[PDB]
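As provided, coords-v9.pdb (PDB, C-alpha atoms) reads as follows.
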ATOM      1  CA  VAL A   1      -5.340  12.866   4.494
ATOM      2  CA  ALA A   2      -9.666  10.110   5.765
ATOM      3  CA  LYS A   3      -7.379   7.981   3.543
ATOM      4  CA  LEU A   4      -3.790   6.794   3.590
ATOM      5  CA  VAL A   5      -2.367   8.593   0.541
ATOM      6  CA  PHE A   6       0.811   7.370  -1.175
ATOM      7  CA  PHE A   7       2.423  10.570  -2.533
ATOM      8  CA  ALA A   8       4.916   9.876  -5.309
ATOM      9  CA  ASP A   9       7.686  12.164  -6.498
ATOM     10  CA  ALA A  10      11.322   7.175  -6.588
ATOM     11  CA  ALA A  11      10.539   7.172  -2.815
ATOM     12  CA  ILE A  12       6.876   7.048  -1.793
ATOM     13  CA  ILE A  13       5.528   8.899   1.233
ATOM     14  CA  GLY A  14       2.356   7.609   2.875
ATOM     15  CA  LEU A  15       0.326  10.144   4.796
ATOM     16  CA  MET A  16      -3.160  10.143   6.289
TER      17      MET A  16
ATOM     18  CA  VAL B   1      -0.204   8.720 -11.755
ATOM     19  CA  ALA B   2       1.598  12.440  -8.461
ATOM     20  CA  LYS B   3       0.325   9.434  -6.449
ATOM     21  CA  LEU B   4       0.981   5.712  -6.309
ATOM     22  CA  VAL B   5      -2.385   4.317  -7.443
ATOM     23  CA  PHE B   6      -3.412   0.732  -6.647
ATOM     24  CA  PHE B   7      -5.613  -0.284  -9.614
ATOM     25  CA  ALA B   8      -7.855  -3.240  -8.814
ATOM     26  CA  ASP B   9      -9.531  -5.556 -11.294
ATOM     27  CA  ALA B  10      -7.788 -10.209  -7.630
ATOM     28  CA  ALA B  11      -4.270  -8.916  -8.527
ATOM     29  CA  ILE B  12      -3.502  -5.270  -7.755
ATOM     30  CA  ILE B  13      -1.318  -3.117  -9.990
ATOM     31  CA  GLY B  14       0.441  -0.122  -8.457
ATOM     32  CA  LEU B  15       1.317   2.686 -10.819
ATOM     33  CA  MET B  16       2.503   6.256 -10.345
TER      34      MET B  16
ATOM     35  CA  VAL C   1      14.134  -3.510  -1.471
ATOM     36  CA  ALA C   2      12.397  -7.205  -4.827
ATOM     37  CA  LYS C   3       9.450  -5.778  -2.831
ATOM     38  CA  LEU C   4       7.943  -2.375  -2.163
ATOM     39  CA  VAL C   5       8.554  -2.009   1.586
ATOM     40  CA  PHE C   6       6.521   0.431   3.695
ATOM     41  CA  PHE C   7       8.952   1.533   6.443
ATOM     42  CA  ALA C   8       7.171   2.984   9.464
ATOM     43  CA  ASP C   9       8.664   5.231  12.117
ATOM     44  CA  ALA C  10       3.514   8.610  11.688
ATOM     45  CA  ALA C  11       4.752   9.095   8.070
ATOM     46  CA  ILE C  12       5.353   5.963   5.996
ATOM     47  CA  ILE C  13       8.178   5.683   3.477
ATOM     48  CA  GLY C  14       7.813   3.210   0.620
ATOM     49  CA  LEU C  15      11.022   1.929  -0.896
ATOM     50  CA  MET C  16      11.864  -0.882  -3.297
TER      51      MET C  16
ATOM     52  CA  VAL D   1       0.643 -14.623  -0.034
ATOM     53  CA  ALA D   2      -1.462 -14.272   4.801
ATOM     54  CA  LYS D   3      -0.221 -10.824   3.674
ATOM     55  CA  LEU D   4      -0.773  -8.500   0.742
ATOM     56  CA  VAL D   5       2.693  -8.470  -0.851
ATOM     57  CA  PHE D   6       3.777  -5.654  -3.182
ATOM     58  CA  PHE D   7       6.180  -7.352  -5.636
ATOM     59  CA  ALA D   8       8.458  -4.874  -7.389
ATOM     60  CA  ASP D   9      10.346  -5.419 -10.623
ATOM     61  CA  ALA D  10       8.528   0.249 -12.259
ATOM     62  CA  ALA D  11       5.033  -1.348 -11.970
ATOM     63  CA  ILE D  12       4.111  -2.939  -8.639
ATOM     64  CA  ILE D  13       2.002  -6.082  -8.382
ATOM     65  CA  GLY D  14       0.066  -6.704  -5.175
ATOM     66  CA  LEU D  15      -0.751 -10.303  -4.392
ATOM     67  CA  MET D  16      -2.069 -12.099  -1.324
TER      68      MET D  16
ATOM     69  CA  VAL E   1     -13.911   0.507  -4.526
ATOM     70  CA  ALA E   2     -11.868   0.090  -9.382
ATOM     71  CA  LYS E   3      -9.089   0.918  -6.874
ATOM     72  CA  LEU E   4      -7.726  -0.542  -3.663
ATOM     73  CA  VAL E   5      -8.570   2.218  -1.168
ATOM     74  CA  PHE E   6      -6.739   2.503   2.164
ATOM     75  CA  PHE E   7      -9.361   3.967   4.543
ATOM     76  CA  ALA E   8      -7.806   5.567   7.613
ATOM     77  CA  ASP E   9      -9.520   6.298  10.907
ATOM     78  CA  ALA E  10      -4.457   4.082  13.659
ATOM     79  CA  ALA E  11      -5.491   0.861  11.813
ATOM     80  CA  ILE E  12      -5.875   1.062   8.032
ATOM     81  CA  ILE E  13      -8.535  -0.869   6.137
ATOM     82  CA  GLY E  14      -7.928  -1.661   2.473
ATOM     83  CA  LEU E  15     -11.001  -2.202   0.353
ATOM     84  CA  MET E  16     -11.616  -2.462  -3.379
TER      85      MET E  16
ATOM     86  CA  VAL F   1       4.678  -3.960  13.292
ATOM     87  CA  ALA F   2       9.002  -1.162  12.104
ATOM     88  CA  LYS F   3       6.915  -1.731   8.938
ATOM     89  CA  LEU F   4       3.366  -1.088   7.803
ATOM     90  CA  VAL F   5       2.074  -4.648   7.336
ATOM     91  CA  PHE F   6      -0.959  -5.382   5.145
ATOM     92  CA  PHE F   7      -2.582  -8.434   6.797
ATOM     93  CA  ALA F   8      -4.884 -10.313   4.436
ATOM     94  CA  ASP F   9      -7.645 -12.718   5.391
ATOM     95  CA  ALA F  10     -11.119  -9.908   1.131
ATOM     96  CA  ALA F  11     -10.562  -6.865   3.429
ATOM     97  CA  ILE F  12      -6.963  -5.864   4.158
ATOM     98  CA  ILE F  13      -5.854  -4.513   7.525
ATOM     99  CA  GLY F  14      -2.748  -2.332   7.664
ATOM    100  CA  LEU F  15      -0.912  -2.254  10.959
ATOM    101  CA  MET F  16       2.477  -0.956  12.057
TER     102      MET F  16
END

Will you turn the file into structure tokens for me?
Amino acid sequence: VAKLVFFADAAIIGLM
Amino acid sequence: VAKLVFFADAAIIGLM
Amino acid sequence: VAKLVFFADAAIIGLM
Amino acid sequence: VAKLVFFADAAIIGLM
Amino acid sequence: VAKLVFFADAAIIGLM
Amino acid sequence: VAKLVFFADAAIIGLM
């Protein structure tokens, strides 16, 4: 997203 | 916290 | 997996 | 631990 | 930066 | 490296 963002909804999804 | 947040005060604590 | 493992194939998937 | 290791037992603890 | 921040420009750089 | 590996020598360097 820059930053590596660890989206959490568990299983985490890392996205720039 | 959503996001996985790596709180830093070292030893890091990851919390949603 | 314990550890939080950041699987990479990009979009990263974090799994215990 | 080098590597930053995310120990999981949740609340994650990151340690070199 | 507190938080551990994963700066992304790839190779990621983690900084408090 | 697959996995995202957080190499620690601090400033952390994340590399697949």

*So which residues get picked by the PyMOL selection byres ((chain D and resi 4-13) around 7) here, written as a ChimeraX atom specification?*
/B:11-15 /C:2-4,16 /D:1,3,14-16 /F:6-8

What does chain E look like once superposed on chain B, all Cα atoms paired in sequence order, least squares? Give it as an mmCIF file with C-alpha atoms, in the frame of the given file.
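Saved the output as superposed38.cif:
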data_model
loop_
_atom_site.group_PDB
_atom_site.id
_atom_site.type_symbol
_atom_site.label_atom_id
_atom_site.label_comp_id
_atom_site.auth_asym_id
_atom_site.auth_seq_id
_atom_site.Cartn_x
_atom_site.Cartn_y
_atom_site.Cartn_z
ATOM 1 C CA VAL E 1 -0.205 8.721 -11.754
ATOM 2 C CA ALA E 2 1.598 12.439 -8.461
ATOM 3 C CA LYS E 3 0.325 9.434 -6.449
ATOM 4 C CA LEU E 4 0.980 5.712 -6.310
ATOM 5 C CA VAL E 5 -2.385 4.317 -7.444
ATOM 6 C CA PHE E 6 -3.411 0.732 -6.647
ATOM 7 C CA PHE E 7 -5.613 -0.285 -9.614
ATOM 8 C CA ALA E 8 -7.855 -3.240 -8.814
ATOM 9 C CA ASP E 9 -9.531 -5.556 -11.294
ATOM 10 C CA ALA E 10 -7.788 -10.209 -7.630
ATOM 11 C CA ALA E 11 -4.271 -8.916 -8.527
ATOM 12 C CA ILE E 12 -3.501 -5.270 -7.755
ATOM 13 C CA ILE E 13 -1.318 -3.118 -9.990
ATOM 14 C CA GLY E 14 0.441 -0.122 -8.457
ATOM 15 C CA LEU E 15 1.318 2.686 -10.819
ATOM 16 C CA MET E 16 2.503 6.255 -10.345
#

Would you compute, for all listed atoms of region 2-8 of chain A, the axis-aligned bounding box grown by 5 Å on each side, and then report its centre and edge lengths in Å rounded to one decimal, as lines of an AutoDock Vina configuration file?
center_x = -2.4
center_y = 8.7
center_z = 0.2
size_x = 24.6
size_y = 13.8
size_z = 21.1
